[PDB]
Every structure is written in structure tokens, then in C-alpha cells.
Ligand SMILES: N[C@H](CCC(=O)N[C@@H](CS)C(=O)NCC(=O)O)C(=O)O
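Only one chain is given next, in C-alpha cells, and it is the form deposited without the ligand.
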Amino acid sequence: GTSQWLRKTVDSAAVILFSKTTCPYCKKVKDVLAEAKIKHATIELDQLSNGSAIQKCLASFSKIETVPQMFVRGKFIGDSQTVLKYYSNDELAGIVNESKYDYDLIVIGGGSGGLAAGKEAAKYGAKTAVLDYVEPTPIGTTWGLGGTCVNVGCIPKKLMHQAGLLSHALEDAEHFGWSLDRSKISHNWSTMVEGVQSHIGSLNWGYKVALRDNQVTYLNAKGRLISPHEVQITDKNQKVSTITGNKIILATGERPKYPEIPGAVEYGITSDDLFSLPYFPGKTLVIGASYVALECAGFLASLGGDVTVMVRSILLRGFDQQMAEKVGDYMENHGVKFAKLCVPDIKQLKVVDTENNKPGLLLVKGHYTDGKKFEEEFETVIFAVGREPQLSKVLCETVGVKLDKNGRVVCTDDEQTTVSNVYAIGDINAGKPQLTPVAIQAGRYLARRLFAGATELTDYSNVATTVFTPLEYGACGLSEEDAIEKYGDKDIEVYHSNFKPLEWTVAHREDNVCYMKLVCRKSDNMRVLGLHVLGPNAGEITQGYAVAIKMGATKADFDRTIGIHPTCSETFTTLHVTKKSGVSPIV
């Protein structure tokens, strides 16, 4: 119980001090450690309900039951007198740096999860290295430190979404009294990309400064785990060497897939290339139906592009399908064309004009599910048909780390793999939501358990999401069809309503396109199982409700809470029309 926790804490902490808030001897040790610039974890036994028991259990390691007690990498170092002896004799530095390994922690992968984990571990005195390398895309695209979200993901895509949203802000402004003429205004792609890339570059730099300031070793090198404690590194001159670490965190993420058809790799691109592309894509085909495919098609259309989406079966597989259809219907009414039930079988007509900064030209041939043919010309073809890890590049099979059928790492609920000192976080952790805030929380909480004696786990249930399509879609919890599957139709009640943002009235926008619903369980006091909203600022709307759902909110909790007026979100506080009543949700 307590004895198994304390044994795990002492064995894996790099430098840790067992202490009491009221002890002047403990303050003296803390003061010396800060002078020497020795970072460490601290456990204050008068803050724990069973601190009395823990302090007796410490004697099993040190043969004493007093505070303070200092440990380094599993070894009792001393009490107050002994630590001060080592300091005044100039022996303490060499003691706190003694290790069987080069590093207490090696993180393979410098993205959302890996950077968060490495910074948190270094705070408690773990000597840490972060490895990051970006394998170039087929056309040669590469980028800096920070991972998929920072460089080719959430950050550039929401900036480009905002450039798209501003098109409708320019339109609205005339109705609110401003003198501009929207039909006379055009968009400059390269000016936008330059501004987006300048911000990304400031993030690349900020991460390198943060690692430097936390005393983390950053290696721009590709890592491969060749045994439980050995990592082979290849640098930018193909120099190969080996470094060793006590704990290993795998955090290498995923990359886009291509279909196995002629011309796909040679002549199409992916999201990896889009966010730094030097020319406007022009007339564009997006192949796929994920949130990546629809978000990219959406902003390209708002920026004035001629955009088509090729859909194999359905939009947004895995999300609530009533909401997915409403998302696509809005896109189609606002200029995005859809080739439904269709797959591709890519021919090059013109090479990309790198001189004049212009796209090439491609012939796309495909077929509909009934066998009819598809054939049309496009300037750019973007593939958004899923993402995958490539761990047979990071991980020698002899190490013994178990992978599932999709190539992701099978982990315990505390991120441990089948090898005791090796852990995995982020998109490569099998079965977990693949989101930046999840990877960050997992990485921070893991570092605290390894190096500061924490026990708290990451909670992966009911994590909210937002799809940043031209009209945004926020969700938290089950889809309506998943709720009915799990509990049966007779135990599910759905409250819903259309709404119109007040901002849309003077601007003469649509009356009954925005929509929201709560999916509830009758036999469990009308517990809210899932929340869904389509409208502007849907991520801001959804976030706060995610705390209430974590807390077990019921329909009655929504009813008794008062709305803020005038807002979109307040419509959730007065819902009353059920789907089983058959009454229209229009307002």
C-alpha cells in the first residue's frame, strides 16, 4: 500500500527531499540545494494524511525515521548534517550527478507531448534529453521544433480558418454601416502564408529557448531504441552514436498517408505541404472526408478558391452523423463542391512553375461506386486520407515493445509499455483521443509520477473536440447513435433547438442553420451523455460545459443555471423540445 508507493517513488526519482513545512533543518537543506542550483522534488509529510506512516517506512531505506532525508536515483544520501558536510567539502555536485546512465530521461520526439514531458521532468531534477527530427515530405518540405500541431496542424490551420472567416466579416460590415465594397476586395495567399510562417518561426525559437532555460539537452537527431536503455542517434551529417537513459518516453507522432495509386506521391500534396506552400493552390481537389479534409477545403473556398471534395462514403466517420451532414450541407451551400461516393484511380499535365510561383496542372481519373467514371482537371490535389505512425523506424523489434494491429503502442492506464522503463504518449498511444491537449496532459502527469512521487493519472473520457469548418462544430461525449446503441432507444431522450446568432440578423444570414442538442439517459436522472453544437465560436461555447459533464451534469443542472444574454451559448439553458415529441426545432 503506502510501502509500495514509497518504494516506487524512491527508486525512480532523480533527486528528492522528504521534508516538513515547519522544520528549520529542512529549510537549511532546501537553501543549500538552491545555492548549488540543484533542482529536486519535495514531499512535505505534514501535508499527507498518512505522512506518519510514510516517515516510518522511510527507515526501511535509510535506517532513520527523521526529516529531512535526501535521496538521489534510489540511494539515501543523508540527513541535515551529512548534506551540509558534502556541500562544504565540495562533494555534493559530484554526488547528485552520479548515474549509471547518460540521462535520467530520453524523450524521442519533440512535439506536443514530448516537449511538455521533458520540461516537466527537468523541473524536478531529472537530467533530460529531447530528440527531434522531421523527415522531409516527398517534395522536400521540412520545419522546426514543436511537432505537428505547431508547424503543420492546429496552429496554421486555425490561422487560415480565421483568414477565411474575415471574408464574411468584410461582407457583414457593409450591413452594419461601413463604407467598403466587398466585391472589390481580393485575397493574397503569399501575404497570408508569410504572416503564418512568421508566427510559427517564433514558436520554433521559443521552444529552443525554453529547453535551454530548463537545462534540457536538445538534439536535432533521429532516434532509434535499440535496447531498453540504449538510443541510437543519427545527426544531420549522418554521424551515428549511442546514448543511454534510465526512463524512455516514446512521443514520435504520425504522418499523412497516401493512397496506392499512380501519381499520388509524385504529383499530389498533403497538409504537411499546404501550410507553407509558396503559391495559391488554385483550383483544388481535396481527397478524403476527415476533419483535416473538410477544414482545409473550407478555408480554401472562403479565400476565393474553386474547391471540390472527393468523398468515398460519409463525412466525419466516428462523429455524430446528423451533425456531420449539417456541417457538409453548410459547406455545399457556401461554394464547396462534393463528389460523393467516389474514389481516385493522377496524371501530370504541367509541372509546378517554381520560377513564376504558380501551381502545375493535373488530370484526376476515378470512379463512383456504381461504376460511372470521374475525370476532371485540377491545379492542386490534396490527400487527406488518414495518418499513421511508422514505429519500425523508431523501435527495434528485439526491444519487446508490443504494438497493436494499426502499429500503435499498447499501454497501461499509466502509459507504461510491455517494457518496464519505457512509456508512450500522444498519437502513438493505442486507443486514446489524438489531440494536442491530451498529449500535453499525459506528458506532464507522467513526468510527475516518474520524478516527483505523484499518483494522479490522465483521464481520457469525455474529452471535448471542435471541428473548425466554416461553420464550427463542437462536441463533448457520445454521439446520439452511440448512446442509442449502448442503452436502447427507449432510455434515450434528446433535447434540441435551432438558433440564430444576434450578429447574423442585421447581416441577413440564415435563420435556421445553427443547431444544438443534448443526448440524455432517462433512467439515470436524465444524465447528459453528449452535447453537440453547430455555430460560430463553437469551441469557446463547448469548453466550459466539458467541466460540468466531467462532474456528471444532468438536464436539471442545465435548467437551473441561468443564461447570459445575448449569446449563442445561452440556448443550452432553456432547451425543451424533445425529438420524440416530433415538434419542430425551428425558432
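Note that residue numbering begins at 1 and tracks the sequence as displayed.
Missing here is the form deposited with the ligand bound; even so, the following discussion is about that form.
Partner-contacting position among 60, 543, 554, 66 - heavy atom within 4.5 Å of the ligand in the bound PDB entry = Spelling it out, the residue with a heavy atom inside the cut-off is 66.
ask   = Within 4.5 Å of the ligand in the bound PDB entry, heavy atoms considered, which of 79, 511, 459, 493?
value = For this set of options, the contacting one is 79.
request  = Please check if residue 17 has a heavy atom lying within 4.5 Å of any heavy atom of the ligand in the bound PDB entry.
outcome  = Judged by the heavy-atom cut-off of 4.5 Å, residue 17 is well away from the ligand in the bound PDB entry.
query = So, in the bound PDB entry, is residue 10 in contact with the ligand at a 4.5 angstroms heavy atom limit?
reply = It does not: once the ligand is placed as it appears in the bound PDB entry, residue 10 has no heavy atom within 4.5 Å of it.
query = Using a 4.5 Å cut-off on heavy atoms, which residues of 1-37 contact the ligand in the bound PDB entry?
reply = 20, 23, 25, in sequence order.
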